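One structure is given here, and the rest of the page talks about it.
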Amino acid sequence: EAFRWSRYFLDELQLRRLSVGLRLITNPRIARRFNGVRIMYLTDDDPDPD
Amino acid sequence: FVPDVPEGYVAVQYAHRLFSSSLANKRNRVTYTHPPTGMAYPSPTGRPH
Amino acid sequence: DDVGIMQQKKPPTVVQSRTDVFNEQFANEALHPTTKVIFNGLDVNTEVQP
């Protein structure tokens, strides 16, 4: 039975943890690499990052 | 060459009274008040022609 | 009407170097014509074609 699927040659616990890790890796708060910029000539009164 | 003033522009005699100190976004900007509209314009940008 | 062969005299060329944020000021602005330009390396057309 062990031979039917290699399970990526990872241990059971590693897969179990891997699922949680996948939940971390796709969390919005982590996703701080940003794509795209708007070049526009504007006065910066009352700046907000957002 | 003397550039013509463009069609939309509004004549305004300079006077000391037109310029003032004023608050605008945590700064004491030299506000200008347009004599017609009465509107105050703290930034040099965005002022009426 | 003809193309100038001798090196022509040109207006002084101030390089504005705009960044993400800056404090614009126009005290001691030149009154004479001036070529404001934004990038430092504009000698880009290098490859001469004989």
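Here's how to read the names in the structure tokens: chain A, B, ... by the order shown, residue numbers from 1 in each chain, ligand numbers from 1 in the order shown.
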Which neighbours of residue 27 of chain B fall inside 12 Å, counting only C-alpha atoms, when residues of the same chain fewer than 3 positions from it are skipped, and could you give them as a PDB file with C-alpha atoms, in the first residue's frame?
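What follows is the written file part-v9.pdb:
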```
ATOM      1  CA  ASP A  44       1.082  65.965  -1.444  1.00  0.00           C
ATOM      2  CA  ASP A  45      -1.114  67.786   1.055  1.00  0.00           C
ATOM      3  CA  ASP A  46      -2.290  65.412   3.834  1.00  0.00           C
TER       4      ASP A  46
ATOM      5  CA  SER B  21      -1.593  83.709   5.659  1.00  0.00           C
ATOM      6  CA  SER B  22      -3.986  80.775   6.069  1.00  0.00           C
ATOM      7  CA  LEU B  23      -4.248  77.250   7.420  1.00  0.00           C
ATOM      8  CA  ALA B  24      -4.373  74.509   4.820  1.00  0.00           C
ATOM      9  CA  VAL B  30       0.097  82.097   1.340  1.00  0.00           C
ATOM     10  CA  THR B  31      -3.560  81.848   0.371  1.00  0.00           C
ATOM     11  CA  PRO B  42      -3.665  78.215  -0.527  1.00  0.00           C
ATOM     12  CA  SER B  43      -1.685  76.306  -3.178  1.00  0.00           C
TER      13      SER B  43
END
```
Show me, as a PDB file with C-alpha atoms, in the first residue's frame, the residues of chain C whose atoms get within 12 Å of chain B, using only C-alpha atoms for the distance check.
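Listed below is the output, part-v2.pdb:
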```
ATOM      1  CA  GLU C  24       8.965  72.439  -5.752  1.00  0.00           C
ATOM      2  CA  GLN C  25      10.135  76.058  -5.517  1.00  0.00           C
ATOM      3  CA  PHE C  26      10.470  78.723  -8.175  1.00  0.00           C
TER       4      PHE C  26
END
```
- request: Select all residues from chain A having any atom no more than 10 Å from an atom of chain C (counting only C-alpha atoms, ignoring ligands), output as a ChimeraX atom specification.
  value: /A:39-44
query: So how far away is atom CA of residue 13 of chain C from atom CA of residue 33 of chain C, in Å?
result: 9.4 Å
- prompt: What lies within 12 Å of residue 14 of chain B using only C-alpha atoms, ignoring chain neighbours under 5 positions off, as an MDAnalysis selection string?
  reply: chainID B and resid 19 32:35
task: Just give me the gap between atom CA of residue 4 of chain B and atom CA of residue 10 of chain C in Å, one decimal is fine.
output: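 Atom-to-atom, atom CA of residue 4 of chain B and atom CA of residue 10 of chain C are spaced 26.2 Å apart.
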- request: Have a look at C:14, C:49, C:19, C:4 and name the one nearest to residue 36 of chain C; count only C-alpha atoms.
  value: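 Closest residue, counting only C-alpha atoms: C:14.
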- prompt: Between atom CA of residue 36 of chain B and atom CA of residue 18 of chain B, what is the spacing in Å?
  reply: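 Rounded to one decimal, the two atoms are 11.3 Å apart.
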task: Skip segment 9-13 of chain B itself and residues of its chain fewer than 4 positions away, then list as JSON, numbers by chain all residues within 8 Å of it, counting only C-alpha atoms.
output: {"B": [5, 35, 48, 49]}
